[PDB]
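Throughout, residue positions are numbered sequentially from 1 according to the sequence presented. Read the numbers this way: they start at 1 and go in the same order the structure lists the ligands and their atoms. Only this structure's heavy atoms are used, side chains among them; waters, hydrogens and symmetry mates stay out.
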Amino acid sequence: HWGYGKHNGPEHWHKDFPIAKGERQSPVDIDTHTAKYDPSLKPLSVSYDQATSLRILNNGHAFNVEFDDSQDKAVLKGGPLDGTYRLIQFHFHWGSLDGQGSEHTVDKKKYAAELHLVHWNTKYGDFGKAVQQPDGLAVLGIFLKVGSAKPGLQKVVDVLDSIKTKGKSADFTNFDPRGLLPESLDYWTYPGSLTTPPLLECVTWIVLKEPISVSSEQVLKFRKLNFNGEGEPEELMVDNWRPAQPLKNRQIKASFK
Ligand SMILES: CCOc1ccc2nc(S(N)(=O)=O)sc2c1
Ligand SMILES: [Zn+2]
C-alpha cells in the first residue's frame, strides 16, 4: 500500500493513482514574485465559534482531529469561495528535521510543518460527494515555524501518547481550532488537489501568508508517533509530506500586495 517510504513513497503513487501526474496537483511552490494580486478577492470569513470536535485518530499516515459536520457549526466562506464550506477535520504534515516538513513551499523555502483545515462545500450534501467535484473542497493551509510555543496547540500534543500507533483513536471534545490561527488572514489561493491518495482534483487551496510558531518540544512530540500498528515493527511517523508538483497551467493569486 502507499506511504512515505523508499518503496511506496510519492514517486510511486502514480502506479495506483494515475491522477498523480494530473494537471492540477498539489502541493506547489508559491513564487511570491509571480503570484498576482487580485483586488477582487474578498477577505476570508472563518466562523469557528460553534465548532464541535469529536475525536483524534492516528490513521497510519497522519493524525486527524475530527469535527461534527452534520450542521453549519464551523464554516469557511468568503475569500475565493462561493457558498459555505463545513470543517470536517484537520491534520498536519511534518518532517524529521526542522528544515523540512511543509508540503507547500514559499520561494522554495520549506517550513517545519503544515496544518491543513479541511472543509467541504455544503451544496454537495456530504464529503464523499464533494470530493468528486472541482469546487468540492477548500483546504486552509497554515505554515509552522519553530520558535515560541503555541499555547492553543498543547492540548493536541498532550493526547498524542494515547494514539501512538495506526488505528488508535481517543475522545477529543471541546477543542477550539481558533487557537491555531495566525493574526493575519492574508492568503494565496490556487486550484489544486488532495495531497494524499486518491489525489482528487477537487480542492480550492487557501494558504495563509503568516506562519504560526510552535516550540521544538511541541514538534518533537509529533515525531514520536508511529506509521505502524501496535505489535508491528516501529516506524516513526516523520516526513509525511508530498514534494511540490508542477504548476502547469495555473496562476496563484494573492489577496494582498
Ligand atoms: C477522500 C478520503 O479523505 C481524504 C483523502 C485525502 C486527503 N488529502 C487531504 S489534504 N492533505 O488536506 O490535501 S484531506 C484528504 C481527505
Ligand atoms: Zn494534508
Short side-chain to backbone donor-acceptor contact, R86 and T122, under 3.5 Å
no
Among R223, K145, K110, which residue meets the salt bridge (charged side-chain N to carboxylate O under 4.0 Å, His left out) test with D98?
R223
How far is atom 15 (C) of ligand 1 from its nearest protein heavy atom, and which residue and atom is that?
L194 CD2, 3.8 Å
Taking it one step at a time, do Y111 and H93 satisfy side chain to side chain donor-acceptor pair (under 3.5 Å)?
CA-CA 10 Å; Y111 287 89; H93 305 260; over 6 Å; no
Within a distance under 4.0 Å of any heavy atom of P197, pick out the atoms of ligand 1 and give their elements.
5 (C), 6 (C)
For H93, the ligand 1 atoms with a heavy-atom partner under 4.0 Å come out as 11 (N)
Checking a contact table here: which protein heavy atom is nearest atom 4 (C) of ligand 1, and how many Å away?
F127 CZ, 4.4 Å
Can you give me the ND1-the Zn ion (ligand 2)-NE2 angle for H116 and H91, to 10°?
110°
Looking only at distances, please establish whether an N/O atom of ligand 1 is found under 3.5 Å from an N/O atom of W205.
no
Expected output: side-chain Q154 to main-chain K150 donor-acceptor under 3.5 Å:
no
Considering heavy atoms of the protein only, find what lies nearest to atom 12 (O) of ligand 1 and give residue, atom and distance to 0.1 Å.
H91 CE1, 3.3 Å
Is the ring pair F63/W94 parallel, tilted or perpendicular, if the boundaries are 30 and 60 degrees?
tilted
If I apply the N/O under 3.5 Å rule, does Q89 come out as touching ligand 1?
no
With a 3.5 Å distance limit and no angle check, can you tell me whether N121 reaches the backbone of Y124 through a side-chain donor-acceptor pair?
no
Return the closest protein heavy atom for atom 13 (O) of ligand 1 as residue, atom name and distance.
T195 N, 3.0 Å
So which heavy atom in the protein is nearest atom 6 (C) of ligand 1, and how far is it from that ligand atom?
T196 OG1, 3.1 Å
Only residue of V46, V139, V65, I142 satisfying side-chain contact (heavy atoms from CB on, under 4.5 Å) with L117 is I142
